[PDB]
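Trainee:
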Amino acid sequence: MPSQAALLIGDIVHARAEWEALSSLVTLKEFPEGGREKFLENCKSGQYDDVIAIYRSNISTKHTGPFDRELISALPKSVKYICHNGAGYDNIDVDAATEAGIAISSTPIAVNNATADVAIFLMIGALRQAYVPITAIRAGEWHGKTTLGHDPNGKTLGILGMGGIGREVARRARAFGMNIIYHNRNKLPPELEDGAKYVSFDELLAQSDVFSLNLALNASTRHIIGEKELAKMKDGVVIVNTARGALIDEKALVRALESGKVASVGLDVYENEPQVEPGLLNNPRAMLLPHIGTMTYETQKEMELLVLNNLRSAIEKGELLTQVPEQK
Numbered sequence: 001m002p003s004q005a006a007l008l009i010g011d012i013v014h015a016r017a018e019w020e021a022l023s024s025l026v027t028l029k030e031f032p033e034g035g036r037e038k039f040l041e042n043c044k045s046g047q048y049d050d051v052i053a054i055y056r057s058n059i060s061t062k063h064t065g066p067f068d069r070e071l072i073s074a075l076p077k078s079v080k081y082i083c084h085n086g087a088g089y090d091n092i093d094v095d096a097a098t099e100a101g102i103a104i105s106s107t108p109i110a111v112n113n114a115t116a117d118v119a120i121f122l123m124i125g126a127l128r129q130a131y132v133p134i135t136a137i138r139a140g141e142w143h144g145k146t147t148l149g150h151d152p153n154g155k156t157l158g159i160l161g162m163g164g165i166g167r168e169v170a171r172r173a174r175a176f177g178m179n180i181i182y183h184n185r186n187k188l189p190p191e192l193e194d195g196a197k198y199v200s201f202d203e204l205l206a207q208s209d210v211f212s213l214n215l216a217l218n219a220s221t222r223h224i225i226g227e228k229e230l231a232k233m234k235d236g237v238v239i240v241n242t243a244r245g246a247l248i249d250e251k252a253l254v255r256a257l258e259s260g261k262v263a264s265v266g267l268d269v270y271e272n273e274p275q276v277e278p279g280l281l282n283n284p285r286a287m288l289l290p291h292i293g294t295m296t297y298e299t300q301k302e303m304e305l306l307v308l309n310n311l312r313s314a315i316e317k318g319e320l321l322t323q324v325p326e327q328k
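Numbering-wise, PDB author numbering puts 256 at position 256 of the sequence shown, and it's gapless, one number per residue.
Structural data, given as structure tokens:
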């Protein structure tokens with residue numbers, strides 16, 4: 001009927017022009033900040049009662065809290081679409097949305113290159129324990145206590161969750177001379193394996209020299225790598241995570257670093273970020289970044305544009321471009 005609106009939660013950094021352009025189709029509304037309590041008050045107040053679609057992002061969670069069952073339950077009945085900026089969306093309760101008649105899109109295949117770039121950066125950092133020489137040169141110590149690292153050449157990269165990101169990690173890692181193995185719940189068809197060898201979960205733990213993971217976070221993949229799994233890995237394994245930190249029992253990871261079971265880690269993500277377990281943060285043999293995977297100009301703008309294109313498709317045609325696989 002008349003009077004459709006779109007609501008922006010949080011900020012749009014790179015694609016403001018594309019957002020403003022949607023005003024030819026709908027009334028543009030914004031919730032740039034304010035907290036969950038105030039967001040819920042706005043919902044109950046009727047002011048969003050014409051909103052058919054919502055743009056939100058992983059970062060914008062700080063302004064509303066997650067789009068969990070409770071928040072979805074408060075959304076006005078008008079809402080038909082939530083277009084999310086991020087390849088991960090573990091802060092949206094997808095089934096609650098389905099029940100409320102809301103379709104969700106995310107941003108898959110825009111994050112792949114940048115995240116993989118950071119995964120390989122982290123892997124080489126971890127294999128060289130590069131925080132030591134990075135710190136030493138700046139301190140005027142030259143090498144300082146730098147120790148010899150290991151070459152990735154001839155070594156096995158194991159990938160738990162071979163998907164778009166994993167394939168781009170594998171492509172890079174092969175150029176470094178690595179052999180690639182992976183485990184998904186189901187073997188991928190040959191073009192999607194793109195050269196990698198399928199193995200069981202236990203075999204992935206046993207055979208990886210560098211172990212990396214790309215899983216969606218959920219109640220069952222939380223701590224999928226815990227004490228038991230670390231104990232199955234090779235002595236001297238290096239672990240890389242650019243996915244979600246809570247996939248690993250970080251306290252168990254710290255104990256495994258401490259015993260020498262794990263030689264090093266290359267992390268971009270953490271179980272309670274922005275907090276990092278102290279024994280992890282304080283370990284100069286670890287290679288650690290503060291979740292910078294997609295923090296580039298080209299990737300961030302591509303991610304925004306994908307969300308806005310989903311929105312425009314939803315409004316004009318009543319369909320999404322990248323609807324989440326749960327609903328599809």
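All C-beta atoms in this analysis are idealised placements derived from N, C-alpha and C, irrespective of residue type, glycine included.
Identify the continuous alpha helix (DSSP H) that holds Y297 and give its terminal residues.
Mentor: That run of the alpha helix (DSSP H) goes 297-317.
Trainee: Go through its chain and collect everything with a Cβ distance to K251's Cβ below 7 Å, but skip five positions before and after it.
Mentor: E277
Trainee: So, using beta-carbon positions, are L122 and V240 closer together than 7 Å?
Mentor: yes
Trainee: Ignoring anything shorter than 3 residues, give me the beta strand (DSSP E) runs that lie fully in the segment 215-265, in order along the chain.
Mentor: Entirely contained in the segment 215-265, the beta strand (DSSP E) runs reaching 3 residues are, in chain order, 237-241.
Trainee: In its own chain, which residues sit with a C-beta less than 8 Å from the C-beta of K44, not counting the 5 before and 5 after it?
Mentor: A74
Trainee: Using the rule of at least 16 other Cβ atoms within 10 Å of the residue's Cβ for burial, across every protein chain shown, is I59 buried or exposed?
Mentor: exposed
Trainee: Mind checking which residues open and close the beta strand (DSSP E) that includes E326?
Mentor: Here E326 belongs to no beta strand (DSSP E), and DSSP marks it neither H nor E.
Trainee: Distance, Cα to Cα, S200 vs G158?
Mentor: Approximately 11 Å, taken between the alpha carbons.
Trainee: Secondary structure at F176, three-state DSSP: helix, strand or coil?
Mentor: coil
Trainee: By Cβ distance below 7 Å, which residues in the same chain neighbour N309 in space, the five residues on each side in sequence not counted?
Mentor: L321
Trainee: Please give me, in chain order, every unbroken run of the alpha helix (DSSP H) with length at least 4 that falls completely inside the segment 139-203.
Mentor: You should have 164-175, 190-193.
Trainee: Identify the continuous beta strand (DSSP E) that holds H84 and give its terminal residues.
Mentor: 81-85
Trainee: For the structure I just gave you, are there three or more beta carbon pairs, one from the segment 297-307 and one from the segment 264-281, closer than 8 Å?
Mentor: no
Trainee: Keeping to the same chain, check which residues put their C-beta closer than 8 Å to that of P66; ignore five residues upstream and five downstream.
Mentor: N91, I92, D93
Trainee: Do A116 and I165 have their C-beta atoms closer together than 7 Å?
Mentor: yes
Trainee: Could you give the residue range of the alpha helix (DSSP H) that holds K44?
Mentor: 36-45
Trainee: Shortest alpha-carbon distance to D11 belongs to which of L25, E20, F31?
Mentor: Answer by Cα proximity: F31.
Trainee: To the nearest angstrom, how far is the alpha carbon of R285 from that of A126?
Mentor: In a straight line, the C-alpha of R285 is about 7 Å away from that of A126.
Trainee: Using the C-alpha atoms, what's the distance from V238 back to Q207?
Mentor: 12 Å
Trainee: Have a look at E258, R222, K234, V265 and flag the residue whose alpha-carbon is nearest the alpha-carbon of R244.
Mentor: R222
Trainee: Can you look up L8 in the DSSP assignment and give me helix, strand or coil?
Mentor: strand
Trainee: Looking at the strands, I want to know which residues DSSP matches up with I92.
Mentor: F67
Trainee: Quick check on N186: buried or exposed, where buried means 16 or more other Cβ atoms within 10 Å of its Cβ?
Mentor: Exposed, because fewer than 16 other Cβ atoms sit within 10 Å of the Cβ of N186.
Trainee: Compare the Cα-Cα distances from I9 to each of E18, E203, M1, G35 and report the closest residue.
Mentor: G35
Trainee: What whole-angstrom Cβ distance do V307 and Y55 have, given they're in contact under 8 Å?
Mentor: 6 Å
Trainee: Looking only at its own chain, which residues have a Cβ that is under 7 Å from the Cβ of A119, when we skip the five neighbours before and after it?
Mentor: Once the five neighbours on either side are set aside, the close Cβ partners of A119 are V169, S212, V240, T242.
Trainee: Determine whether the beta carbon atoms of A96 and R69 lie at a separation below 7 Å.
Mentor: yes
Trainee: May I ask you to report which of helix, strand or coil DSSP gives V132?
Mentor: Under the three-state reduction of DSSP, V132 is assigned to helix.
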